[PDB]
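Chains as they are written, first to last, in full-length UniProt numbering: chain A, 24 to 517; chain B, 24 to 517; chain C, 24 to 517; chain D, 24 to 517.
By construction, the Cβ of each residue, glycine as well, lies at the ideal position given by its N, Cα and C atoms.
Read the structure below first, then the notes.
Protein chains: 4
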Amino acid sequence: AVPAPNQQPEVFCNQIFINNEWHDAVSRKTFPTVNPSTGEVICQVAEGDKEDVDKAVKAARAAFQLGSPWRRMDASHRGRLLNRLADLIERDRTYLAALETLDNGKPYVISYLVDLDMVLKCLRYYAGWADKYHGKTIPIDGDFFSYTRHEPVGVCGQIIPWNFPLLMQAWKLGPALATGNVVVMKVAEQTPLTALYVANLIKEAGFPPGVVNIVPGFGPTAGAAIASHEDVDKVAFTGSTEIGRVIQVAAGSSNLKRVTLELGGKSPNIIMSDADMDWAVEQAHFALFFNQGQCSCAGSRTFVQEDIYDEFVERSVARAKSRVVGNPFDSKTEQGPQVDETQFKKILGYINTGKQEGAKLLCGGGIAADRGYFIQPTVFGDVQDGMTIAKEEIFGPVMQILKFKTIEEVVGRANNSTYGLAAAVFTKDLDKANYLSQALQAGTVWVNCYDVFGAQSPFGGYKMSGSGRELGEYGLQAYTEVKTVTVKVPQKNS
Amino acid sequence: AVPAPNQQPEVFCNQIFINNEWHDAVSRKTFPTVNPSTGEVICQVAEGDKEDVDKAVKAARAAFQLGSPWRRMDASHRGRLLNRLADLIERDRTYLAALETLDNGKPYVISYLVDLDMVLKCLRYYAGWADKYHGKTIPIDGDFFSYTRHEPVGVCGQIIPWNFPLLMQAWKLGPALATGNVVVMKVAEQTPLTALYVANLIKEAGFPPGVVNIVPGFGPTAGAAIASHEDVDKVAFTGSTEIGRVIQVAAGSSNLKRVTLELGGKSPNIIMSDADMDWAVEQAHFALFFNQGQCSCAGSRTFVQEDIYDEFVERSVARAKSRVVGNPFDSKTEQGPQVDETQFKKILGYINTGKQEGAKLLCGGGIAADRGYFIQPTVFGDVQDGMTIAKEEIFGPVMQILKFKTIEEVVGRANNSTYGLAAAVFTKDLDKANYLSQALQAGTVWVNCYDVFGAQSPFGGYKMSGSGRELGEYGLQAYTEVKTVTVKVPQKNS
Amino acid sequence: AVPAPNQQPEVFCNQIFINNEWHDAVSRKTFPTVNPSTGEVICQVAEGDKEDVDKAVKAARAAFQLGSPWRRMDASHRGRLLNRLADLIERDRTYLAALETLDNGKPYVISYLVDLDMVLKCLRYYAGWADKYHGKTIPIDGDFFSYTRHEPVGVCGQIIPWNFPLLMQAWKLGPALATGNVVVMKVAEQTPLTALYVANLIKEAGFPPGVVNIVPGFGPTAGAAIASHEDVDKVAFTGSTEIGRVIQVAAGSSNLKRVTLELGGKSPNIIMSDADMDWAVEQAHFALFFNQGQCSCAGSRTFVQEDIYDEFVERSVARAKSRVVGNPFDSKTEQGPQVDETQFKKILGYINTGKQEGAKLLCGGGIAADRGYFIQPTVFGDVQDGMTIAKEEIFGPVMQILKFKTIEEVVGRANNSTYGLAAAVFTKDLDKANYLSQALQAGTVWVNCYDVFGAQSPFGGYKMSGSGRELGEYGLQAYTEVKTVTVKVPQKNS
Amino acid sequence: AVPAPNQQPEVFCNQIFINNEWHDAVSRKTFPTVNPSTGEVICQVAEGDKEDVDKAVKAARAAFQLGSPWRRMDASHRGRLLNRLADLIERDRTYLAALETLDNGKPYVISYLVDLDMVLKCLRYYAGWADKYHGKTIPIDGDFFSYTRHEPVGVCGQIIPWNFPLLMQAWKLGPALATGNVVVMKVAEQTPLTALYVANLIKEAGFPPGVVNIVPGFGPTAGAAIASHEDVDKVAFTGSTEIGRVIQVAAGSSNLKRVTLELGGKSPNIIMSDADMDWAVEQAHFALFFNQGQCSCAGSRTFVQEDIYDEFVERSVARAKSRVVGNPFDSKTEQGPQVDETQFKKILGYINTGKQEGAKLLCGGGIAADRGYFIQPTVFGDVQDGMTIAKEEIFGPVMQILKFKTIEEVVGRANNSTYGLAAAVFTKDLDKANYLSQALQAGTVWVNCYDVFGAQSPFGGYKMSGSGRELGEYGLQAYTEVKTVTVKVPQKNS
Ligand SMILES: NC(=O)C1=CN([C@@H]2O[C@H](COP(=O)(O)OP(=O)(O)OC[C@H]3O[C@@H](n4cnc5c(N)ncnc54)[C@H](O)[C@@H]3O)[C@@H](O)[C@H]2O)C=CC1
Ligand SMILES: [Mg+2]
Ligand SMILES: [Mg+2]
Ligand SMILES: [Mg+2]
Ligand SMILES: [Mg+2]
Ligand code: NA
Ligand code: NA
Ligand code: NA
Ligand code: NA
């Protein structure tokens, strides 16, 4: 059951969060955040820039000083704090879910049952990790006692996208705080509202001032400021491949800070002939159309074996046509609008390119409403590897269906991409599943399912889809700095 | 390629091994070891008893004293020594392979290509573990520095069987020595020769005196003395369920030493209807008849789906009838003789039991030769769960084939046993494989294969098949004593 | 801020807990539980026996059946349930603390600020482990895919003592439940009340029926019934060394169930000459007298370097004389009564033994009150290793102070014991701390502190103090059954 | 006991190593390698460039293709190959030690007893890791089976310096090869000889063609080609901070390849007043002057407490003056020449700067010989934090001694640096050791010792000294790509 939402939730936070206090931009400037469903302005938000970032970094650094409350706090207590924050978010679940939908555009039902649930599960998972990421006692040669201390990396700059505002915030804060680090987060200008409210809950939870600092603003301004800052130890980024390069170069040009990236993808979703038709079709649909198709791991390349291609396509087109697009607050809506005008136009452009290049338009292909940024569920058939829609990340409700013959063939074609975030295999055969799951060059390989995220399992990309992993135990590596301590002893014994 | 064997290998070691030296039993008594292929005496061996065990324990304890060569030795050097031992074993591979066959009875080809190969791989695997079984630095609450030392458990008593003489010795010494322990090994009275020769290689390898001590003798005498010894810290045993109880009781009645056991089994080998016929038949045959059927993890309960039962049985019978039984030194021999007269009679007894209780004798069922302890590859059809040959470990070339209809049914029947050492599933279906591998209550579940042992993968039993695991990283747990050291520090910081 | 205690809480639970319901003993019999501070009967409690245990095991086994709610439940949810239980315990903190004091005798202040706090921290720690105890994917030889599943051991029999009623229950349930096992707990006949109330909270928390079953009763009856049960997979025990042997023998005589023990000790507390006098004195005092001296890890052997012996003794005697003994509910009380009459007489007997064998009685040595089981803080000086009070565990407010000269000397004397649960070292010197922490044969070695327990760090004994470890990651090992699954694949690749 | 060297070792390898074959540069160009002890040319070496690097990467990629001998090879076999390589290096130990001294300049005794020894220990350590870096089976939510595969990162570009020619090669190949990766190594132009010969041993060891490819040449040419290559998956670099920036920027500008760096340092060596004088003096000397002071972790900032400053300096000056500088082949030589003319002049420049800025020259300060690049062991006293020689990495036989009063003071001064590779603490006090080891912001903190390297313990820098760790288990992280596989199962059970 989903509690009825408030289609016009009030905004309580719209400024820069530093030292557990709300601040206006030093420039006093503000930027508008739009409701993609109506195209109307929700409210103004403080436009942070370099000077605001510097204030945030200094606060975080101060909070990270040896002997500070955050540093002296027991590891188990950091966990207690993460749990408390989770409880606070759950208490305000209905509000946050609605506010998320208002600013992002995704269906309210989805924000409540999926986004918010996963946010709670992520924070509670890492809460448990706070006092369990042990260091090591090493049996080094000679008369010595050698061991490693797993210390926090320090001031962590976290730049997140807009597709999953609350979840992205959770995926970043969870591991960072669990390991005792301090954060300076730059949320997307398109969806800053929800993140800012959570900061209020972070203060309420009892987190010391400066531990978490949020700076809303634009990328080239606030974002680049964090990436090039001389006092930021680590930077985590999730977004476009283009900016990924900028972040890495900025890090190498500044203080050589640690970097980890997650930069979209063109994930192949292979459907073998022996696959369960009904299931494969529904999952393939979900694989691509999920969250308005705005998922880095979306199945944007649906490979289907020739013997079942025709039927699969027929069913897929039917499922796409039946996909209800409309007001995200209406319980019957399956697909809301795209996040903004920029994306809206970009997707329409890709659709145009698909038609131009010879791909077969089977359904949709145009705007689905006069107001807002709605696009019809579009499906392209007989797509070839060389086509643009088959190589570039659309990030919209545009499905590409390709045909293939042999398993050896699909392996090469699926791996022939600079991306490698995820992939899937639908088959009933044990050997095929193992052959493909091993052969596919991707961070995550789903078998007979898709978009199955668990705070316990790591997520990250191969090749140009990024580096490093998020979630699970692996998610703690990037937020940990290893220190070896080798002490001379009188006489070492086993 | 297998080097032509010396069918009459000379015996160089036949005494008690203590402090790198050979000793006669204090009683000066000796016992004969027989060649199961001829029934003739190979030679006499020192019959160790309590007083001999005491000498061994004292030697081991002294070698384990703080500041001793074995205690001060670099962990990495322990690895170097294990690798050296393996090299020495490989140098003498052809000799050991023959001697193994002479005393045990298994085919020389198998002793060479399988037994010795696995011995080498085991020692080399664990050699690498010597300096990698790290302790931990814990983020304990308060102003403290807490860490754990992974220390050796101490003087380890190891009582091993006769089915895999050299292999059993390696599976025991490998983990024990890698972790810096000392050993007092009691080898089987039926197969003491090969183990003794290896002791010679242990001294040649450079191991300090007292690190490894071998005491050949009988169970109730030497074995019981180790199990009840007041200065033996841990005991590892592999053999009968009956003696398993005695060992654990002995441990609890003495100094409460740590115990780990491996007590045989009645492993189910499920063959689903969609399984590859030829493959399943060959593997099901190997699963049961391997090493004269003297494997604790033998597939002694071959469950076959009714739809393929008739064909499977027909093929299994043909394969059994074609199985060459004869002189283990002849390259054409697939099956040698049983280890001794005791087992020979026991198996014959079980065979008669099978006939008596209504099981259908399909082939074999009697003695395969005039001299030696050879038994015909026997196969029972239409076996029921309640039958004795379906519940008790035969440990001989006697195959039981049962029929079943549904997968839910076979799960309950397979798990309806006090044993739980291993199990197998032959199916092409993904879901079936995962369903069964999860449902089966066994230490090891092989899918579309059987008897696949890897030094990297743990092996052990569920229920009454034993406790604890051998091989892999897990094999080091039982040979490690954990010490927590909590130091008060001026001010604890993350 | 310690809330005003309910000097005599009302008893709500006093029966056998099975399938989340309260049952009388099959025999309808009941036994009295006494308030040690007055010697008066608090109330009657159902006297469980073999038949009651049988009902509990069947309930647990049923709850552990494949496909059951407890088995299908997400690992993360088991964590949610453990956290919920903790919150319910914190809600009823004030009540539990008082009830604990009423049944056990320990000071209410200590029950609240120490016992209950530790219980909460224990449950919350393990709650986080629920979904993080990963199995492994192994790079086994040949064309195979090998991995391990970390499954629950099954039905766990947990027999606990009376010194820390609530804490012992948490230390056992925390790891067991986090790993998905089922429990049949046999609490101490002396202190059954608090544990039984927690069972009510367990039901309220939402744990499925049969997951946790508590059977109050006597040792030779209910306790032995669990240890010898044919369907109990594992047994955890904490208590006397004598009973420890009985349990291990019972296990070996029955179904060969897995065993782990914690059997008291005679922990050495080494005070070097360069130690901080004031600190060492107060700590050595706490080390011995904590919880009426009823701690398995009590520093019952206080070794003091000759150069500071005299002063240390003077100060220690003064501190002992100032130790307030009286009504546990009075905020000024530092020491309450002993758990019962049996312990009361046993301690007085040991004190008389101390006098008889030549130990120098410095203070106390007799009964501290007319009613109840109160004993005066006793301190013996010039104690020799061979003395009874220096070898046997007193478990009372009786301090043993020994003198020594060299560091090499103290190591040997400290290690010359069949016990090895804990030890301590008080020194300002780096090398001395490292030398002793490595040389001492004990499960835990405290440096410049004592009785420092953290849910993060393992606790267990060496030699005859037990086997296996509790708390920390290690605490999960004994509650985990490892299953290896090796699957044949088309072609193995790195 | 060092075997008399061959002061004029013959050069057998001086070309580019690709697919186990020797190739001339495409341009046919060659560059001279100088003997720093004489200033004379040893021989010509193929000058690899972009086109040569391309051939190498293509070879490596080919060797990394799925189904290749290197990919299909058992993980344990990779270990066998690493051990074989070590054995081959040990066989030619005397030759390589000499060749190392000839091209690098370090004393032959040190090359034999230290460099080569450490090379062997590194290779053999990692050989053991080959089949032990397990992935995980995760208890993810819902009806799924999730696990991770620890796969090789791919084609690894490794650019190494000249201070430890053979050791740097071992530190890079060991972990990369153990995890199944392929390598394209660019050795230093100053010291290419020894690495090239090892390549010949790599072939002899049995490693498949293309697994290891070495391209000798200049940095801006061959080195930059690798860092910017579109088909190189990961790059590991050790050298100057300046080039570290270039590498990371090249990576972000190219294919976003993974990067790990080790960029020198200015490691503080704190000597407390209570430290053992004689020991601290000798170690402080070794800490700085080791390998002609050409160590990234050199104790270039010797902080000494005022109360002992005078005596410490007096002793250090004496030890510096007695330090034998001369022909590295003479067994009495403690210090050889600097690697080349460029470093020679740079160091002299730094010495001149030290004098100019007010540092007190205590001894040395000039050229130590007519021919070759020998510098006198120089010691500067009364150095202040703001001085150039106190901030910049000299990388020569130039010691800086600073004075301090309090422990809190030295912490801030030691940490006031952009570097953070290593640090040391000399004290007899437990609390001071622990206070400092935790407070110091460095990758490695040595206590009462220095330059203690063990293949078991990780080494890496904090801040601008680099990112990532080498050696130990941690050394495998950067060479492993994590793949999550989540499979849908019929019904998930614990
Ligand atoms: N688990 C396994 O792999 C093996 C199981 N078995 C089973 O055991 C049955 C009988 O063969 P046995 O050799 O008699 O098994 P067993 O358990 O009696 O003998 C195995 C080892 O235990 C020692 N032992 C015997 N009595 C002992 C005692 N009182 N205290 C301490 N150690 C003692 C023996 O000397 C030998 O070293 C076989 O038919 C088969 O069912 C036999 C060999 C191996
Ligand atoms: Mg952009
Ligand atoms: Mg027997
Ligand atoms: Mg008793
Ligand atoms: Mg340069
Ligand atoms: Na917006
Ligand atoms: Na024999
Ligand atoms: Na009581
Ligand atoms: Na050179």
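{"Check": "What residue ranges within the region 208–292 of chain D form continuous beta strand (DSSP E) runs of no fewer than 3 residues, ordered along the chain?", "Outcome": "235–237, 257–261 and 281–285"}
{"Check": "Does any C-beta atom of chain C lie closer than 8 Å to the C-beta of A/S99?", "Outcome": "yes"}
{"Check": "For chain A, is any of its Cβ atoms less than 8 Å away from the one on C/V57?", "Outcome": "no"}
{"Check": "Pull up the distance between the alpha-carbon of C/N37 and that of A/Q31, whole angstroms please.", "Outcome": "54 Å"}
{"Check": "How would you write the range of the alpha helix (DSSP H) that C/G466 sits in, first residue to last?", "Outcome": "Segment: none, C/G466 is in no alpha helix (DSSP H) and carries neither H nor E."}
{"Check": "Alpha helix (DSSP H) containing A/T124: first to last residue?", "Outcome": "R116 to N127"}
{"Check": "Taking only three categories from DSSP, how would you classify C/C66?", "Outcome": "strand"}
{"Check": "Counting only beta-carbon atoms, is C/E504 nearer than 8 Å to chain D?", "Outcome": "no"}
{"Check": "Which residues, in order along the region 483–502 of chain B, keep a beta-carbon less than 8 Å from a beta-carbon of chain C?", "Outcome": "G483, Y485, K486, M487, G489, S490, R492, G495, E496, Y497 and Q500"}
{"Check": "Less than 8 Å between the beta carbons of B/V258 and B/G180, yes or no?", "Outcome": "yes"}
{"Check": "If you draw a straight line from the alpha carbon of A/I161 to that of B/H157, how long is it in whole angstroms?", "Outcome": "5 Å"}
{"Check": "Return no unless some Cβ of chain A is closer than 8 Å to the Cβ of B/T171.", "Outcome": "yes"}
{"Check": "State yes or no: is the beta carbon of D/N106 nearer than 8 Å to at least one beta carbon in chain B?", "Outcome": "yes"}
{"Check": "For D/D256, is the classification buried or exposed, using 16 other Cβ atoms within 10 angstroms of its Cβ as the cut-off for buried?", "Outcome": "buried"}
{"Check": "Check whether the Cβ of B/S354 lies closer than 7 Å to any heavy atom of ligand 3, and answer yes or no.", "Outcome": "no"}
{"Check": "Which chain A residues are close to B/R84, counting only those with a beta carbon under 9 Å from its beta carbon?", "Outcome": "What B/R84 touches in chain A: nothing, since even the nearest Cβ is about 15 Å away."}
{"Check": "Under 8 Å between the Cβ atoms of B/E123 and B/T217?", "Outcome": "yes"}
{"Check": "Does the region 286–294 of chain D come within contact of the region 434–451 of chain D, defined as at least 3 CB pairs closer than 8 Å?", "Outcome": "yes"}
{"Check": "Does any CB atom of chain A fall closer than 8 Å to the CB of residue 10 of chain D?", "Outcome": "Nothing about residue 10 of chain D can be reported from this structure: the residues present for chain D run from 24 to 517 only."}
{"Check": "To the nearest angstrom, how far is it from the Cα of A/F260 to the Cα of A/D77?", "Outcome": "19 Å"}
{"Check": "Per DSSP, which one or two residues make a beta bridge with D/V505?", "Outcome": "D/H173"}
{"Check": "Is B/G287 a contact residue of ligand 3, with contact defined as CB to any heavy atom under 7 Å?", "Outcome": "no"}
{"Check": "Of all Cβ atoms in chain D, is any one closer than 8 Å to the Cβ of A/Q271?", "Outcome": "yes"}
{"Check": "Return the first residue and the last residue of the beta strand (DSSP E) that A/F54 is part of.", "Outcome": "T53 to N58"}
{"Check": "If you draw a straight line from the C-alpha of D/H252 to the C-alpha of D/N278, how long is it?", "Outcome": "7 Å"}
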